[PDB]
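Residues per chain are reported as follows:
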Amino acid sequence: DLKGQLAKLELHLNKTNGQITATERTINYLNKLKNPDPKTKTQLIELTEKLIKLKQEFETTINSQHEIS
Amino acid sequence: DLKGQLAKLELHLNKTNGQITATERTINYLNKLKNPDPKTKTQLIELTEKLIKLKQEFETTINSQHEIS
Amino acid sequence: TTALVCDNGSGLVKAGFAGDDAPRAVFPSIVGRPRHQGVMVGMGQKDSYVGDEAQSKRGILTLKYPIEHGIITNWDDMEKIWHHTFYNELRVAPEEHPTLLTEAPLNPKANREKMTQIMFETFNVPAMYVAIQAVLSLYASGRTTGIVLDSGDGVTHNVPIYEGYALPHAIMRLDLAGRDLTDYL
Amino acid sequence: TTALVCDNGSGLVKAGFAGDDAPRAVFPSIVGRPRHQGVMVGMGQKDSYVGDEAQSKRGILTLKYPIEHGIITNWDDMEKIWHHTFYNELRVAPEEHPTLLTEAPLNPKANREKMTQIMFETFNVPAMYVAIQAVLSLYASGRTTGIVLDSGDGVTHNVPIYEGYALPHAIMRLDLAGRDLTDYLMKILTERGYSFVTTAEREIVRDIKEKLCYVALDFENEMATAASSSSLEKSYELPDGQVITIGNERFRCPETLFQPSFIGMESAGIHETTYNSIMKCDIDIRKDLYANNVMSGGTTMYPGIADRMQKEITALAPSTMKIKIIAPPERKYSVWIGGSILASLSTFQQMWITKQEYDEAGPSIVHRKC
Ligand SMILES: Nc1ncnc2c1ncn2[C@@H]1O[C@H](COP(=O)(O)OP(=O)(O)O)[C@@H](O)[C@H]1O
Ligand SMILES: Nc1ncnc2c1ncn2[C@@H]1O[C@H](COP(=O)(O)OP(=O)(O)O)[C@@H](O)[C@H]1O
Ligand SMILES: [Mg+2]
Ligand SMILES: [Mg+2]
């Protein structure tokens, strides 16, 4: 069981990292803008918050995986 | 009478083994296929069941032959 | 919902979902047809292999490329590729999600119309969009002012943009790409 | 119903039913005619004995072979053999069941047509099919990708297949087989004093070949060992209570397979033909054929043939490639074991050539699938 759950944790960590990369790319694109469309102004904040949430989730997952080890 | 019936049981066992060999060869050929024709899909199941039936018949025949012994 | 982002290329097909960092599936855009008789019974006959299995069994197939120099030459084989991508490879029904395609600049008009019709009448996607290959590079790069130099297989093109105002008279197109290099090799 | 699977060979006839593991009857394909007067009264006047009874009474008969090098030379004798197989040996009327026959590749067209006509007009089977000998071996082996090396009496042929797509340009055919080895055995046994001339004496030499022969891993070293010492000697007993003592000839008979220049021929040994067949295919499939070689036929039962074949191919072929010689036991019947399997398959039960089809289309029918 231990090995299977460790593998599942690894898969979840990989998925979280894959999400972080795309969100960081989108925020990197949106930052350069100078007079963004009103919708983009809200979308930038939404992505900024989602990045933080994903980073804490990644931290928690890695901590749990290390704890099992 | 005992000797004659024992000989008949031996003959029946020989015939059953001869059938098992051919059925196993056919199933061994059919397994390797990867996209079998629709007819072959059913024939494989039919042969798989016939093999089981023959093996149980062989077990029963050998048990009877031993019991006579 | 998630919107598929397929990139029908000239030498490879990359298909995936939005909000990812890499294509979900990537495979060559070739169609192989059998060449020899076929003597064994039961194998079940197949008219033409498509995608990666064709590359696996290249020994006894006549591989053909539906696309060349960006333009689409053979359509019945380009539709087979699209069907394989949507059902066998991605494993998602195309009706639910929209789709985004990419087409090189200065291509014939008819191509766009035919692609649209094949993507509406036959596959029945609820919405489709098509974009120029060079422009999409600048989102990935992260800037707005630049001169992209996209060089895929088949063709190579240059599209200069400044403050998000693409200059259309400066665009350049040329038919030197990987296929010619392979032939020269 | 059960469909007969006969395998008219060049040196033996094997006939049986489908869904079995061995031929129902197996007997030589010879026809013997009496040679002498006949003096006693009341004994049945037989024009010609056929099958095994002729082999039993070979003393006073002139045995003849209807088939040679795969091709059929004498047709009356072949029809007699077929009649004996169907009625006396199998003991089943041919009208009820279909039949499946086997013919070697690259044979003359006329053969097939004449076989069909003799199997329809005279015997009146309801359906007949004919198959290439090499292909049926792969059903028995159990694979789909390989290079069979069927080596019967009379001729030997190579047919490479990949994913069930037979390559027809790589097929190779060669006329070196057991009969030439028997003749060479007679010719070299002449040296020690033993002289075998008549046909029955040839039959005796064939038994000598079967029992006492083997293939040396290396030839020059084996010859040196046999000359220096006297350990490679065997004693055999004739029907006349006489003892032959064979020495080197134990491994000079089969050696002609790898060195066809012994008989005056010019072609290359069998390993070179196999290698050439492998290298006549495409580049991408050579590894798979290298991995899976197959042997069939009686002639490939010499003790030690597999090892020498593997060694020679490995020496000829590039390194980094793994070569295996799939050489299962009971290879003698391998070809026949294929046919029965091919008969059993449900799909194949649609591919026969019904009698009315031949009546309408004509003789060309059989060649459409050739
Ligand atoms: N690592 C590499 N080094 C050199 N050439 C490459 C490499 N990877 C791909 N190529 C060349 O690029 C071509 C594929 O281009 P691709 O990225 O598919 O462009 P497109 O998506 O427009 O088809 C191939 O034909 C190959 O010759
Ligand atoms: N055990 C054996 N060892 C060596 N040679 C054999 C053996 N059995 C058969 N042969 C040779 O093979 C020949 C028979 O081949 P056969 O299997 O009948 O081929 P086909 O089926 O094509 O006629 C015989 O003439 C004999 O010389
Ligand atoms: Mg590209
Ligand atoms: Mg044979």
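This deposited entry lists cryo-EM as its structure determination method and 3.58 Å as its resolution.

**Looking at the interface of chain C and chain A**
Taken residue by residue, the interface counts six residues in chain C and nine residues in chain A. Note on chain C versus chain A: buried area summed over both sides is about 650 Å², and carbon and sulfur give 46% of it. When the buried area of chain C at its contact with chain A is split by residue, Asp21, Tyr139 and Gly142 of chain C rank highest and sum to 60% of it. Applying the counting criterion to the chain C and chain A interface returns one salt bridge. Of the charged contacts, one joins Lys34 of chain A and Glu163 of chain C as a salt bridge, the two residues approaching to 3.2 Å between their closest N and O atoms. At the junction of chain C and chain A, the tally comes to two residue pairs in polar contact. Classifying every residue of the side of chain C that touches chain A by side-chain character gives one nonpolar, two polar and three charged.

**Looking at the site of ligand 2**
Residue and element names in this part refer to chain D. By nearness alone, 14 residues border ligand 2, and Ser10, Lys14, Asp153, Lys209 and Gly298 come closest of all. Note that an oxygen atom of ligand 2 is positioned 3.4 Å from one of the backbone N or O atoms of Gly11. Burial of ligand 2 by the protein amounts to 87% of the accessible area it has alone, namely 580 Å².

**Brief notes about the state of the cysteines**
Residues and elements named next belong to chain D. The final tally for this structure, using the stated rule, is zero disulfides over all chains. No disulfide involves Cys253; its sulfur sits 5.2 Å from that of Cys213, the nearest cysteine. For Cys253, a relative accessible area of 1% gives the class buried. Here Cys281 is not cross-linked by a disulfide; its sulfur's nearest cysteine counterpart is in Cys370, at 19 Å. By relative accessible area, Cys281 is classed as buried at 5%.

**What about the interface of chain C and chain D?**
Accessible area lost upon the coming together of the parts is a frequently used measure of interface size. At the junction of the two partners, chain C supplies 14 residues and chain D supplies 22 residues. Between chain C and chain D, roughly 1,600 Å² of surface is buried when both sides are summed, and carbon and sulfur atoms account for 68% of that area. Where chain C touches chain D, the interface holds two salt bridges. Residues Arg35 of chain C and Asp282 of chain D are paired through a salt bridge, measuring 4.0 Å at the closest nitrogen-oxygen approach. Taken together, the links from chain C to chain D amount to one residue pair in polar contact. Taken together, the residues of the side of chain C that touches chain D break down into seven nonpolar, four polar and three charged.

**What about unusual backbone geometry?**
Not every positive phi belongs to a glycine, and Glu163 of chain C is a case in point at roughly 55 degrees. Mapped onto the elements of the fold, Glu163 of chain C is located in the loop between β12 (156-161) and β13 (172-174). For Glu163 of chain C, a relative accessible area of 36% puts it in the partly exposed group. Although it is not a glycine, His69 of chain D sits at a positive phi angle of roughly 55 degrees. Considering the arrangement of structural elements, one finds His69 of chain D in the loop between β7 (67-68) and β8 (71-72).

**Describing empty space enclosed by the protein**
Residues and elements named next belong to chain D. Applying the stated criterion across every chain yields a total of two cavities of 30 Å³ or more. The calculated volume of the largest cavity comes to roughly 60 Å³. Those elements that provide at least two residues to the lining of the largest cavity are β11 (146-149), β16 (293-295) and α10 (305-316). Split into classes, the residues belonging to the lining of the largest cavity amount to seven nonpolar, three polar and no charged. Quantified by volume, the second largest cavity comes out at close to 40 Å³. What lines the second largest cavity is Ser151, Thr156, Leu174, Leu176, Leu257 and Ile270. Residue composition of the lining of the second largest cavity, grouped by class: four nonpolar, two polar and no charged.

**Section: the environment of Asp20 of chain D**
One can find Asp20 of chain D in the loop between β2 (13-17) and β3 (25-27). Considering only alpha carbons, one finds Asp20 of chain D and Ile337 of chain D, 317 residues apart in sequence, at a separation of 8.2 Å. Discounting residues that sit within four places of it in the chain, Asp20 of chain D has contacts with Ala22 of chain B together with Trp336 and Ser340 of chain D.

**Things to note about the nonpolar core**
For soluble globular proteins, the rule of thumb is that nonpolar side chains tend to be buried together. If you look at the biggest cluster of nonpolar residues, it comprises 68 residues, and the most contacted ones within it are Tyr29 of chain B together with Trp82, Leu101, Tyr139, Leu342 and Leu345 of chain D. Top contributing element to this core by residue count: helix α11 (residues 334-344) of chain D, with six residues. With sequence-adjacent residues up to four places away left out, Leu101 of chain D is seen in contact with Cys6, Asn8, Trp82, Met115, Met119, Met128, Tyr129, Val130 and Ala131 of chain D.

Criteria and thresholds
- Residues numbered from 1 in each chain as written, not as in the entry; some residues may be left out.
- Chains lettered and ligands numbered in written order.
- Part of a larger assembly, values for the part shown.
- Heavy atoms only, no water.
- Contact = heavy atoms within 4.5 Å.
- Buried area = accessible area lost by both parts, 1.4 Å probe.
- Salt bridge = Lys/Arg side-chain N within 4 Å of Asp/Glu carboxyl O.
- Polar contact = N/O pair within 3.5 Å; in protein donor to acceptor, adjacent residues only side chain to side chain.
- Nonpolar A, V, L, I, M, F, W, Y, C, P; charged D, E, K, R; others polar.
- Near = heavy atom within 4 Å.
- Areas by Shrake-Rupley, 256 points an atom, 1.4 Å probe, with all protein chains shown as cover.
- Disulfide = S-S within 2.5 Å.
- Buried < 20%, exposed > 50% of the residue type's maximum accessible area, 1.4 Å probe, protein only.
- Helix = DSSP H or I, 4+ residues; strand = E, 2+ residues; numbered from the N terminus.
- 1 Å grid on protein atoms, 1.4 Å probe; cavity = no way out; pocket = protein on both sides within 12 Å on 5 of 7 lines; lining within 4 Å.
- Points joined across faces, edges and corners; volume = space filled by probe spheres on them.
- Core = buried A, V, L, I, M, F, W, Y, C linked by side-chain atoms within 4.5 Å.

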